[PDB]
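No Cβ is skipped: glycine too gets one built from the backbone with ideal geometry, and neighbour counts run over all protein chains shown. Numbers and lists here come from the model and the stated rules, or from a named source; no laboratory instrument gave them.
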Amino acid sequence: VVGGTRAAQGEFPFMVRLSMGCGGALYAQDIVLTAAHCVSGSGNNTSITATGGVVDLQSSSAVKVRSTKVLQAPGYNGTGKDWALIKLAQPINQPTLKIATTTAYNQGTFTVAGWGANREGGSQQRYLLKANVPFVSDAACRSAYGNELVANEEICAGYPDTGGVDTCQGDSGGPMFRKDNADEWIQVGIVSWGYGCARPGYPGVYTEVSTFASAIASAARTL
Ligand SMILES: [Ca+2]
């Protein structure tokens, strides 16, 4: 995260750090929702480690759990559908993050979090960082990215005019979320891509969770 601040321990307990340099959210205690580009494909896989329970990755209180299987969005090829599920060998006993099933919350100011770089070319972070990024319309986002932006599969956020606050290398897969009508966090995006980080005119692009919610839920029932 570029232009963020340290998240308090226990603030976003659904966050998990993934071994390949990605973030993720606890969709279920033993199912991590992350980005399709964080994994190589679907299948049995015990090589991924998810670290949960702590903002400080060096904490002795960290819970490190290995994966058992990965389900990457069917048909993923780098043009949208940027979601994936990772089944864990054991559950991480922390609150989960509900995903948006409608587009009612695809607006307003969102919150993002991760252990990714806090500057372009920077190193990964020991402590979880968070930031608030405003929703950016498809039109404004398209003025920057043109056809690279996938209509109805991607939502953008950040400051189009002046930049300064954004997700960056290492934050991919993390959830982008906001409060729902019941004062509970709800996931509207998955950190996906962007040109650089926090640059004026280039907002961050996120997987539009509402579009994939039914697919994600069905896929999770099979793990
Ligand atoms: Ca959209």
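When you go through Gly122, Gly116 one by one, which is the residue that is buried (at least 20 other Cβ atoms within 10 Å of the Cβ), in contact (Cβ under 8 Å) with a residue 40 or more places away in the chain and of a type in the set (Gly, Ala, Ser)?
Checking each option against the conditions leaves just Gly116.
Suppose we filter segment 68-107 for residues that are in contact with a strand residue (DSSP E or B) (Cβ under 6 Å, 6 or more places away or on another chain) and exposed (fewer than 13 other Cβ atoms within 10 Å of the Cβ); how many remain?
2
Kindly evaluate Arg178 against the criterion of being of a type in the set (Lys, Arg), more than 13 Å from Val1 (Cα to Cα) and away from the ligand (no atom under 16 Å from the Cβ).
Answer is no for this residue.
Quick check on segment 126-133. Is at least one of its residues of a type in the set (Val, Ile, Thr), surrounded by 15 or more Cβ atoms within 10 Å (Cβ to Cβ) and away from the ligand (no atom under 16 Å from the Cβ)?
No: zero hits.
State whether one or more residues within segment 183-202 are more than 25 Å from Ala50 (Cα to Cα) and either among the aromatic types (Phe, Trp, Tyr) or within 16 Å of the ligand (Cβ to nearest atom) (or both).
The answer is yes; a qualifying residue exists.
Hey, among the residues in segment 197-214 that are among the small types (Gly, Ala, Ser) and within 17 Å of the chain's Cα centre (by Cα), which one's nearest to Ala84 (Cα to Cα)?
Among those residues, the one meeting the criterion is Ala213.
Hey, can you tell me all the residues within segment 203-223 that are of a type outside the set (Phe, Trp, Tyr), more than 15 Å from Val112 (Cβ to Cβ) and either within 13 Å of the ligand (Cβ to nearest atom) or part of a helix (DSSP H, G or I) (or both)?
Within segment 203-223, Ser210, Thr211, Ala213, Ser214, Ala215, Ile216, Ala217, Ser218, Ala219, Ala220, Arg221 meet the criteria.
Quick grid of which residues meet (1) of a type outside the set (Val, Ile, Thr); (2) outside any loop (DSSP other than H, G, I, E, B); (3) outside the structural domain of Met176 (by CATH):
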site	(1), (2), (3)
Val32	no, yes, yes
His37	yes, yes, yes
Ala50	yes, yes, yes
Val65	no, yes, yes
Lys69	yes, yes, yes
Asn77	yes, no, yes
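Within segment 79-89, track down each residue that is in a strand (DSSP E or B) and within 20 Å of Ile155 (Cβ to Cβ).
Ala84, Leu85, listed by residue number.
For segment 147-163, state whether one or more residues are more than 16 Å from the ligand (Cβ to nearest atom), exposed (fewer than 13 other Cβ atoms within 10 Å of the Cβ), of a type outside the set (S, T, N, Q) and in contact (Cβ under 8 Å) with a residue 12 or more places away in the chain.
Yes, segment 147-163 has at least one match.
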